[PDB]
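Asks: Below is a structure I'd like to ask you about.
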Amino acid sequence: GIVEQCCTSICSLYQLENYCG
Amino acid sequence: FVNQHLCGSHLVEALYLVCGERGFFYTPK
């Protein structure tokens with residue numbers, strides 16, 4: 001999930017926006 | 001500022017900044 005994608009590995013804007021409303 | 005390891009409040013802050021009025025869900029699991 002987001003932690004595995006952005007904390008444990010390097011985040012991206014692409015991935016963050018997956019979590020926007 | 002998004003292209004790095006972001007944990008905890010730093011991740012939340014990034015979601016905030018990026019999503020703006022759209023809001024966001026944070027589910028650390």
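In the structure tokens, chains take the letters A, B, ... in the order shown, each chain's residues start at 1, and ligands count up from 1 in the order shown.
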May I have the residues within 12 Å of residue B:3 as a list in words, using only C-alpha atoms and disregarding those fewer than 4 positions away in the same chain?

Replies: residues 5, 6, 7, 9, 10, 11, 12, 13, 14, 15 and 16 of chain A; 11 and 14 of chain B

Asks: Hey, what's within 10 Å of residue B:27 if we count only C-alpha atoms and toss same-chain stuff fewer than 4 positions away? As a list in words, please?

Replies: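 Once the adjacent positions are removed, what remains is residues 1, 2, 3 and 19 of chain A.
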
Asks: Restricting the output to N, CA and C atoms, write the selected residues as a short mmCIF file (atom, residue, chain, number, x, y, z; two decimals), in the first residue's frame.

Replies:
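See part-v7.cif below for the written result:
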data_model
loop_
_atom_site.label_atom_id
_atom_site.label_comp_id
_atom_site.auth_asym_id
_atom_site.auth_seq_id
_atom_site.Cartn_x
_atom_site.Cartn_y
_atom_site.Cartn_z
N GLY A 1 0.87 -1.23 0.00
CA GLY A 1 0.00 0.00 0.00
C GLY A 1 0.87 1.24 0.00
N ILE A 2 0.33 2.40 0.34
CA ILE A 2 1.12 3.64 0.19
C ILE A 2 2.40 3.63 0.99
N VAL A 3 2.41 2.96 2.13
CA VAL A 3 3.64 2.95 2.88
C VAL A 3 4.73 2.18 2.17
N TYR A 19 -4.25 8.52 -4.35
CA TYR A 19 -4.89 8.50 -3.05
C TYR A 19 -5.73 9.77 -2.81
#

Asks: Return as a PyMOL selection string the residues belonging to chain B that are within 8 Å of chain A, counting only C-alpha atoms.

Replies: chain B and resi 2-8+11+14-15+18-19+22-29

Asks: List every residue of chain A that DSSP, applied to the backbone, labels as alpha helix (DSSP H), and write the result as an NGL selection string.

Replies: :A and (2-6 or 13-17)
